[PDB]
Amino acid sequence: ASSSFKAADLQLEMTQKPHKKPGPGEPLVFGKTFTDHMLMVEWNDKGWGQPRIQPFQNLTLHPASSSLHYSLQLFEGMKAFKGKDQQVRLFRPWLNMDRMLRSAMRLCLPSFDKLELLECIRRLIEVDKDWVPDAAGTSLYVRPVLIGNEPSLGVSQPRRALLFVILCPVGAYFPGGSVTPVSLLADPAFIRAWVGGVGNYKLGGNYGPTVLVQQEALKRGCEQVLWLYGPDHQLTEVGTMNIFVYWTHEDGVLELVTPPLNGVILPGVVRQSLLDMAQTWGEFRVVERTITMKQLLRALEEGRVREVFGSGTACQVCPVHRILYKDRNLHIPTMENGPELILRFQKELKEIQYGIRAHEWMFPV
């Protein structure tokens, strides 16, 4: 018993003022450059309306829209890569569709068919193929969004909603192969999410309270925030990335560990891919288990820690070299291990994402 919204029904309108691309690899600050078209689907009493694809344009919302009063909003983030030159592929889009639908049900927003949305996104990206860069480490960021849109102040299940997708060409997250480490502020006073909360869904509500904390991290000399949880001070996620630790655990076994999906952390697509990939190799233990600051401190001085990094769509595998804890700067030996594992993960993903290696994880055009 559930909705619809079909891809066979798209309508099409092309831009009369096709904006001009970034040119050489120089500008494009992430998220501030948009392509010529966008996807838009409306839902109401008559259910889902028809998809289509229109020129990039402003939204028109009633002043009481629940999307602005009660944060009835959720989003996704995924990437399209252009490799064999002009051939464009989406990395594991199905997982983002699965996650988006779960976020929708948590916020009582309308359900939709994951494959139809994926096909409309495919159609949209097709129209803006030329916006997809092909220089090393660049890609096209895809931002689907679903918002409640009830022109009513009652806190309740909306009877109207809007789904849209916009695209941004992105530069190489790292200047040029320059994989550079980041420093993290790890302060227990800051709490991103709670057990029983909504940290495991991609809801706008989870992000707004982090702006002030990120500003604090900069003022204290760090680049991102390492979110801690519990009296235990466990490591949950870093910034907008899941966190991984490669070290010789306390029982002498070499392992790659990452916090488990206990409800407080976001099930990252890159996170799942690194786990899958490492399990496949079978060269060392790969496990999902709780990581505490106390365990990290001990391992660091017995020189048991090899590499620590974050994973996410923006920055696939991100080295960490320093963590400021309790006034405490902890040097993380990641780079002196020449991010061997980090480097290996990056290479495999590049080969897969840019079509060098055929793989089911990729979705065509």
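Whichever C-alpha set is largest while still superposing within 1.5 Å between the two forms counts as the rigid core. Throughout, we count residues from 1 along the sequence that is shown.
- Task: Between 264-272 and 169-177, pick out the one whose C-alpha positions differ more from the shown form in 4 other deposited structures of this protein, using the rigid core for superposition.
- Result: Per-stretch check in 4 other deposited structures of this protein: the more divergent one is 169-177.
- Query: After a core fit, does 79-87 or 187-195 show the bigger CA gap to the shown form in 4 other deposited structures of this protein?
  - Reply: Per-stretch check in 4 other deposited structures of this protein: the more divergent one is 79-87.
- Message: So, looking at the entry's B-factor column for Cα atoms, which has the higher mean, 236-244 or 124-132?
- Response: According to the PDB entry, the answer is 124-132.
- Quick one: say whether 344-352 or 9-17 has the higher mean Cα B-factor in the deposited entry. Between 9-17 and 344-352, it is 9-17 that shows the higher mean C-alpha B-factor.
- Query: From 143, 102, 202, 159, pick the one with the largest CA B-factor in the entry?
  - Reply: The listed residue with the largest C-alpha B-factor is 159.
- Task: Going by the CA temperature factor in the entry, name the top one among 97, 211, 172, 266.
- Result: Largest recorded C-alpha B-factor: 172.
- Query: So where's residue 197 on the chain's Cα temperature factor ranking, which third?
  - Reply: Answer is lowest: the recorded C-alpha B-factor places it there.
- B-factor third for the C-alpha atom of residue 84 within its chain: It belongs to the highest third of the chain when residues are ordered by C-alpha B-factor.
- Message: Splitting the chain's C-alpha B-factors into thirds, which one does residue 322 fall into?
- Response: Lowest third - that is where residue 322 ends up once the chain's C-alpha B-factors are sorted.
- Chain-relative CA temperature factor third for residue 230: Its C-alpha B-factor belongs to the middle third of this chain's values.
- Message: When the deposited Cα B-factors of this chain's modelled residues are ordered and cut into thirds, is residue 63 in the lowest, the middle or the highest one?
- Response: Within its chain, residue 63 is a lowest-third residue by C-alpha B-factor, going by the deposited values.
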